[PDB]
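I have placed the structure first, in the form of structure tokens, so that the comments after it can refer back to it.
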Amino acid sequence: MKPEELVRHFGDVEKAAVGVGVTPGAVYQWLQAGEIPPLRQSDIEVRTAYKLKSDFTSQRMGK
Amino acid sequence: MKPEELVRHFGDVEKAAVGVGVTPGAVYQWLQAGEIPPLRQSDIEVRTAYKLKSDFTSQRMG
DNA sequence: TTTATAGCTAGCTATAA
DNA sequence: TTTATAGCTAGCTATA
């Protein structure tokens, strides 16, 4: 999943940082990079009960 | 998931290490500690197509 | 609220038995 | 094969 999809999912940056257990500064860094680091994407996919999918899972499932 | 479940799943430490994209020495650390680090547990769950469950998922389904 | 970035350390890899 | 641990940096937190 892309940082903007994470922000849509929880509603804003503050709620996204609380939703995945980081500081807002981590979410702004993902947004600026246009990318969530890979173990983090797995952890977000797990912690959201797969409502958000990692790039790994989307690729594996054939997009 | 516990480090013993991870190793039983792949067959041995070498195969576990290849299976989750780490060196065997990372797997020996998890076994000796008795725990796999949290983000790592999530990655193993995703990379095994949910065949192994993180402690988080195990607890949530309980 | 967001940007920019210094500064730290968990959790790896590398190594030497 | 496994132990013990040094060497190291990605990816955070803390800040300004």
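Cβ atoms come from the backbone with ideal geometry, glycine included; neighbour counts cover every protein chain shown. Here, each number is a calculation from the coordinates, and none is a lab measurement.
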*Just give me the residues in the range A:1-26 being in a loop (DSSP other than H, G, I, E, B) and near DNA strand C (Cβ under 8 Å from one of its atoms), in sequence order.*
A:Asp12
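Of all residues in the range B:52-62, which are surrounded by 15 or more Cβ atoms within 10 Å (Cβ to Cβ) and in a loop (DSSP other than H, G, I, E, B)? If you could, list the steps in order and put the result at the bottom.
Step one: of the range B:52-62, the residues surrounded by 15 or more Cβ atoms within 10 Å (Cβ to Cβ) are B:52-57.
Within the range B:52-62, B:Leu52, B:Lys53, B:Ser54 meet the criteria.
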_Filter pass, B:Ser42 being without any contact (Cβ under 8 Å) to a residue 24 or more places away in the chain and within 14 Å of DNA strand C (Cβ to nearest atom)_ = yes
*Sole exception among (1) more than 11 Å from the chain's Cα centre (by Cα); (2) assigned to a helix (DSSP H, G or I); (3) surrounded by fewer than 19 Cβ atoms within 10 Å (Cβ to Cβ) for B:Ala49, by number*: (2)
_In the range A:47-63, the residues that are hydrophobic (A, V, I, L, M, F, W, C) and either facing chain B (nearest Cβ under 9 Å) or over 20 Å from B:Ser54 (Cα atoms) (or both)_ = A:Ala49, A:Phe56, A:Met61
*Can you pull out the residues in the range A:27-39 that are free of Cβ contacts under 8 Å to residues at least 12 places away in the same chain and assigned to a helix (DSSP H, G or I)?*
A:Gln29, A:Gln32, A:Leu39
*Single match in A:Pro24, A:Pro37, A:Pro3 (criterion: in contact with a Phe, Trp or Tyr (Cβ under 7 Å, 6 or more places away or on another chain) and over 19 Å from B:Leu52 (Cα atoms))*: A:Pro3
*Go through the range A:1-42 and give me each residue that's more than 8 Å from DNA strand D (Cβ to nearest atom) and within 14 Å of chain B (Cβ to nearest Cβ).*
A:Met1, A:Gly19, A:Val20, A:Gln41, A:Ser42
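Residue-wise test of (1) surrounded by 15 or more Cβ atoms within 10 Å (Cβ to Cβ); (2) among the polar types (S, T, N, Q); (3) under 10 Å from the mean Cα position of the chain (by Cα).
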{"site": "B:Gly11", "(1), (2), (3)": "no, no, no"}
{"site": "B:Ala16", "(1), (2), (3)": "yes, no, yes"}
{"site": "B:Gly19", "(1), (2), (3)": "yes, no, yes"}
{"site": "B:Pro24", "(1), (2), (3)": "no, no, no"}
{"site": "B:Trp30", "(1), (2), (3)": "yes, no, yes"}
{"site": "B:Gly34", "(1), (2), (3)": "no, no, no"}
{"site": "B:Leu39", "(1), (2), (3)": "yes, no, no"}
{"site": "B:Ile44", "(1), (2), (3)": "yes, no, yes"}
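Of a type in the set (A, V, I, L, M), in a helix (DSSP H, G or I) and closer than 24 Å to B:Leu52 by Cβ, is that true of A:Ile44?
Spelling it out, A:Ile44 is indeed of a type in the set (A, V, I, L, M), in a helix (DSSP H, G or I) and closer than 24 Å to B:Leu52 by Cβ.
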